[PDB]
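One structure below.
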Amino acid sequence: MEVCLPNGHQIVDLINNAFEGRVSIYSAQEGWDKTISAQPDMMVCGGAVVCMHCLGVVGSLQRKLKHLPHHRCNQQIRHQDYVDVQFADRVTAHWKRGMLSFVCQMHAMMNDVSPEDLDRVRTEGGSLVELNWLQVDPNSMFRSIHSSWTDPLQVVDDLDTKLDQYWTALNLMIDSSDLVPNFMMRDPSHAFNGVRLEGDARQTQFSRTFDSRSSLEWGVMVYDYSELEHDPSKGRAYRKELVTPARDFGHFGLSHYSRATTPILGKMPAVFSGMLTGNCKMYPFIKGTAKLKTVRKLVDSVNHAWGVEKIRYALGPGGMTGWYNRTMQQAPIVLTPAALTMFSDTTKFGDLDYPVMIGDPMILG
Amino acid sequence: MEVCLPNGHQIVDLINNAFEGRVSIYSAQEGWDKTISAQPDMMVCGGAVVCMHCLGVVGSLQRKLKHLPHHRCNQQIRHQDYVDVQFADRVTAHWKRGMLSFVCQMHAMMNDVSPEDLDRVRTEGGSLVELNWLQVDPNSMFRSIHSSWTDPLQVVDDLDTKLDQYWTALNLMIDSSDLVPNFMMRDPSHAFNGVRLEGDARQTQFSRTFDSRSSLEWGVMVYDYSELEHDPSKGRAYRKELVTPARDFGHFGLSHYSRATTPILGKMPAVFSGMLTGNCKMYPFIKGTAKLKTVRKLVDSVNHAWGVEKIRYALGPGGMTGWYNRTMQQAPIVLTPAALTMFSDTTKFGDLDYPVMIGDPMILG
Amino acid sequence: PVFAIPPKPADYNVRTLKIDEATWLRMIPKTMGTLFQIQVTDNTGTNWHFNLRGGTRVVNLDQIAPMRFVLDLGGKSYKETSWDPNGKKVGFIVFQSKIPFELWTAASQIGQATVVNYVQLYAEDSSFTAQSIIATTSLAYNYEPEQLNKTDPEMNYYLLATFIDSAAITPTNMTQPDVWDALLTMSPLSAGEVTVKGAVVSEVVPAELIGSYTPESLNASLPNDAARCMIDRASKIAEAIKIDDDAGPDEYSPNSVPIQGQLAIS
Ligand SMILES: [Zn+2]
Ligand SMILES: [Zn+2]
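Chains as they are written, first to last, in the deposited numbering: chain G, 1 to 365; chain H, 1 to 365; chain B, 310 to 575.
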């Protein structure tokens, strides 16, 4: 049963999903459930069901598959040839679950502030909620030498629905009381090149992606607004006018604009799509050109294993190498979630005034 | 190399361009530059490149031409058979350049009024800027017996961009200070049949077009608001409420509506497209039916020189005579720039109160 | 030449194509604040104004084989707060530059450009309130590789469709990136050249075409794509089988068993 390679746009799709941790993987051990890691046997690439042993299309989403279809498999695609994608996908999956636990944590606390405490901060300012960063996803590959990316994915039912719900609830509260969070950024790119660091946070080394070439285990980074409180001319009134998120992002419930967090986990800021865009989706702030590199090893692997015409007729002009190049030039468009280029142009307060340090996430007035 | 006649809509296009002075003409002497008059060898009619010796299509805008293509030319189209178009185009070209120099002149002056002078007029009224009409394009075919339409076109780089820019600047100023110009009309048709004339202006004879059958040399006509100033009940307050352009045309920066001038040159008012239409284009106030007559001689010329079927198959039903007739009935639509039918319906002040005379253009309060 | 057969035209809306599917399109990335006004003349020396900015798309002419383009802006609006398409002009501009289109940001990188054709638009009111509807257009351009005469291998050939005007187009008035949100009809100007997914090939291997196109890819292929041709040749076989085969659902026949044989061994 002869099989063909997938088309360019289907590999672009694989990559886009990987960086949302939603690639549909099938292993003979665990089936279509990727909660427990196992070597991929098949992966869904833009509708097509691809064999991870030859990278041939052996099915589609239309007909259900319980096993890897019997096919004439060249068997020359090695695990090492596509693990970069598998890594990207699994790590993002671990990352989203980690980010969720963090959001819930802030939510619950914020949703417990006594009406008195709230009102006091509304009037004079000062701390309202503080989370010990040591408690932010303590046993993830991002916070412990013992954990690995191959570890089981924390089973979370309705991950995306909760992420949407909680992030919304949290931000609506932060907005109605003109509060100030120390875990948000107007432009996440400032995290890698802009904000000034203090404490241990100074040695931070941003890979700016999710790959197995730079430790992803690190601390929870947030803003140190301490010196702001101290400042006389920057009291409550000041905060209400420039610091509260609404001033730079717009009022949460009335904006399309995305909001980003500071590097809370995996030295990777999170971007949340605006509320009026439909729902609040979360995406890691990784460049498209970076995402594409996860298939760099696969290109050579395919070129070595498949026939010239087969590669040309499936991947298009320039074969798969050509596809890779043409895609690299389009990365900003074809490999970039819309939310990443949806930040408010106008920014009063900004991200460059106070320093970022490994510390406790918190909401204050 | 057999050639065919152009299609009806392409001749309609030629005419429309002629009355904007933008017909692309090629002469063996000057090439595609019509700065210096020469007999046309080719003209561009709605995309097609037509031979002016047989009126056959010898090319298009796609392939560049450096000479008149070698073709089987019947050579029966005489210069006299299409000069009416050439005349129309060249005269409009001369006209636009003349109108531009006038606008610039008002602009510069208005843009020199000392803040004191301005403010005084804002408060009490009275003259603010005055141009000696003898200085308005003194050496054009419109102001001197010595000049001719065949004279060289004053080289003006970016004619249309300047016309747009200056007309805008000038009107924005006139609007912000509620000023009053004596060179504008709410409905240019009133110039030919409405406004009452005084002085020598009474003998004015409007051809209502640009043709070689009525002198186009004349004076600069404007409104004589003199008796308005004198009137007690029509002081500054009155002007701010009814006379300033904004009241009849709308606020310049917020309107689609076109603004017209009084007969400044060639006894032909100019119409400027509204600012919110994209840009400010200038067009002479000539009826479509008038424009069409420029090809009346060409029709007979073609009917005499071309074969029956050739004319029928290119010009359509009724041949070229039929085309001419059908077009005459459509003139209001197919030969009328949109700006000419875009004047405010509501007009408080109007064009019929004060007289028009050959005088100095001016802005006052 | 041997594989090809008389081709048929194809329709596309360059604006709604996915650039990761139609390999013959290039685009200036949005969100970069890219915006620059340029000036180009037509073959009669007349100067034209138009803007290139984030979102602007072009057709990569190189490698598509002889091809005729016809653009129909009929039905579209393009009406903006300070821009009315009525009376405006659109044109086809062909660029020749060594710099990749995606990287453009300044007028200095456009190399050699010529407005090859243009038409004046007519707008009216559409069934949709507050919207203006543009009259049907037939803006044409014939891409003849031999006329361009590409020499320098680093030369790129691009095709654009935007508003052009005799007066500089104020960027805040007309904000559209181009007028590619229209109906484009491509017609091959040769029946001896074949392409595969956007680019010319000197020869085809029919059997490798089998099962290698996604619905997306087929739809985005050029009118002279080998697949399209394969399909028209194959349909003569389908027609033939049907003239002889009156088999009902699930019934075998002399024309179905050949597959069964392959399946049996497979
Ligand atoms: Zn396989
Ligand atoms: Zn001729």
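Think of the CB as a built atom: it goes at the ideal place given N, C-alpha and C, for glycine as much as any other residue.
query	result
Per-residue DSSP class, three states only, for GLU130 of chain G	strand
Contact with chain G by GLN418 of chain B, beta-carbon distance below 9 Å	no
Within-9 Å CB hit, residue 378 of chain G to chain B	There is no way to answer for residue 378 of chain G, as the model of chain G reaches only from 1 to 365.
Distance CB(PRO269 of chain G)-CB(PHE249 of chain G) smaller than 9 Å	no
In chain order, each alpha helix (DSSP H) run of at least 4 residues that lies wholly inside the stretch 228 to 263 of chain H	246 to 249
Residues within the stretch 323 to 355 of chain H neighbouring chain B, beta-carbon criterion of under 8 Å	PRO337, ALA338, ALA339
Assigned secondary structure, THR123 of chain G (DSSP; H/G/I helix, E/B strand, else coil)	helix
Buried or exposed by the 16-neighbour rule on C-beta atoms within 10 Å, applied to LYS348 of chain G	exposed
C-beta neighbour in chain B for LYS310 of chain G, strict 9 Å	yes
Contact residues within the stretch 5 to 38 of chain G, judged by C-beta distance below 9 Å to chain B	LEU5, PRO6, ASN7, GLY8, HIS9, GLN10, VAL12, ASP13
Interface partners of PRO409 of chain B on chain G, CB under 9 Å	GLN329
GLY56 of chain H beta carbon near ligand 2 (any heavy atom closer than 8 Å)	yes
Whole-angstrom C-beta distance between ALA305 of chain G and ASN7 of chain G, which should lie under 8 Å	No, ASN7 of chain G and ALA305 of chain G are not in contact; Cβ-Cβ is about 17 Å, not under 8 Å.
Cutoff 6 Å; reference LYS34 of chain G; Cβ partners in own chain excluding five residues on either side	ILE25
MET336 of chain B: contacting residues in chain G (beta-carbon distance under 9 Å)	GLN330, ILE333
Completely contained alpha helix (DSSP H) runs for the stretch 6 to 46 of chain H, where each covers 4 or more residues	8 to 18
Under 7 Å (Cβ pairs) to chain G, residues found in the stretch 521 to 552 of chain B	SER521, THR523, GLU525, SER526
Min CB distance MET376 of chain B to chain H below 9 Å	no
Distance between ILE333 of chain H and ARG326 of chain H (C-alpha atoms, nearest Å)	12 Å
Neighbouring residues, chain B, relative to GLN62 of chain H (Cβ below 7 Å)	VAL425, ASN426, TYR450, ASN451
With 16 other Cβ atoms within 10 Å as the buried cut-off, status of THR209 of chain H	buried
Assigned secondary structure, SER496 of chain B (DSSP; H/G/I helix, E/B strand, else coil)	strand
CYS54 of chain H versus H:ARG63, H:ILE77, H:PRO40, H:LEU61, residue with shortest Cα-Cα distance	H:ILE77
Close beta carbons around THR343 of chain B, own chain, < 7 Å, minus the five adjacent residues each side	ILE337, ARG362, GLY363, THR414
CA nearest to the CA of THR336 of chain G, picked from B:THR340, B:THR332, B:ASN322	B:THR340
Reference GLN372 of chain B, options B:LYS551, B:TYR522, B:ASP555, B:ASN458, closest by Cα	B:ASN458
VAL3 of chain G beta carbon near ligand 1 (any heavy atom closer than 8 Å)	yes
Sufficient close CB pairs (3 or more, under 8 Å) joining the stretch 58 to 74 of chain G to the stretch 131 to 141 of chain G	no
Any 3 or more C-beta pairs closer than 8 Å across the stretch 261 to 275 of chain G and the stretch 173 to 188 of chain G	yes
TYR321 of chain B to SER530 of chain B span [Cα, whole Å]	10 Å
Cβ neighbour criterion (16 or more within 10 Å) applied to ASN171 of chain H	buried
Cβ pair count under 8 Å reaching 3, the stretch 8 to 28 of chain H against the stretch 121 to 131 of chain G	no
Proximity test, Cβ basis, 9 Å: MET42 of chain G and chain B	no
Straight-line Cα distance separating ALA439 of chain B from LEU197 of chain H	42 Å
N-terminal and C-terminal residue of the beta strand (DSSP E) that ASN360 of chain B is part of	356 to 362
Enclosing alpha helix (DSSP H) for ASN303 of chain H [first to last residue]	296 to 305
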